[PDB]
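J.: no FASTA, just this:
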Ligand SMILES: CC(C)(C)CN1C[C@@H](N)[C@H](c2cccc(Cl)c2)[C@]12C(=O)Nc1cc(Cl)ccc12
């Protein structure tokens, strides 16, 4: 994953915007850095992740599961996480 991906400007779709607004998000255009931070905050706030769980996020009965279309995912699979996030936004250029 190149460093530049973090600077990508994005407009989240309604479901993702709903999720972001729960952890402070105020805006309609974000950087991918912001989106990844607010998602991370959402995950740790809802205890969907822990280091004793083999690096897995459990989102089966949660908004995040509906957004991503999976009951769970590994935090090590970075490219797959970007793909899941991209289905819920539109890039700005
Ligand atoms: C899981 C937790 C430790 C709470 C947060 N992790 C730690 C980072 N290594 C990871 C991450 C950072 C940047 C890009 C990616 Cl692809 C993944 C990240 C994160 O910072 N945001 C975010 C969002 C989602 Cl949906 C999944 C995983 C993450």
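T.: Thanks, I have the structure now. Numbering: from 1, shown residues only.
J.: surely residue 22 is in contact with residue 42?
T.: Yes: because the distance of 6.6 Å satisfies CB atoms under 8 Å, residue 22 is recorded as touching residue 42. (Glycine included, C-beta is placed from N, CA and C.)
J.: so between the two, which is more surrounded?
T.: Between residue 22 and residue 42, counting by other CB atoms under 10 Å, residue 42 is the more crowded of the two (20 against 13).
J.: is the closest residue to the ligand within the chain in a helix, a strand, or coil?
T.: Using CB to the nearest ligand atom, the closest approach of the chain to the ligand is made by residue 40 at 3.3 Å. Here residue 40 is recorded as helix under DSSP: H, G, I helix; E, B strand; the rest coil.
J.: residues near it, how many?
T.: The burial count for residue 40: 14, using other CB under 10 Å.
J.: tell me, what residue is most central in this structure?
T.: Nearest to the centroid of the C-alpha atoms of the chain, with distances taken as CA atoms, centre = their mean, sits residue 39, at 4.1 Å.
J.: for the protein, which residues are neighbours of the ligand?
T.: 36, 39, 40, 43, 44, 49, 75, 78, 81, 82 (CB under 6 Å from any ligand atom).
J.: give me the buried subset of those residues.
T.: With neighbours counted using 16 or more other CB atoms under 10 Å, the residues of the chain next to the ligand contain these buried positions: 36, 39, 43, 81.
J.: can you show me the helices along the chain?
T.: The residue ranges that make up the helices of the chain, judged by DSSP state H, are 14-21, 32-45, 63-68, 78-86.
J.: as a markdown table, the ones you listed with distance to residue 92 would be great.
T.: Formatted as a markdown table, the entries for those read as follows, by distance: least, CB to CB, whole Å:
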| stretch | distance to residue 92 |
| --- | --- |
| helix 14-21 | 14 |
| helix 32-45 | 11 |
| helix 63-68 | 19 |
| helix 78-86 | 13 |
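J.: tell me the most buried of these?
T.: Highest mean neighbour count among these (mean count of other CB atoms under 10 Å): helix 63-68, with a mean of 18.
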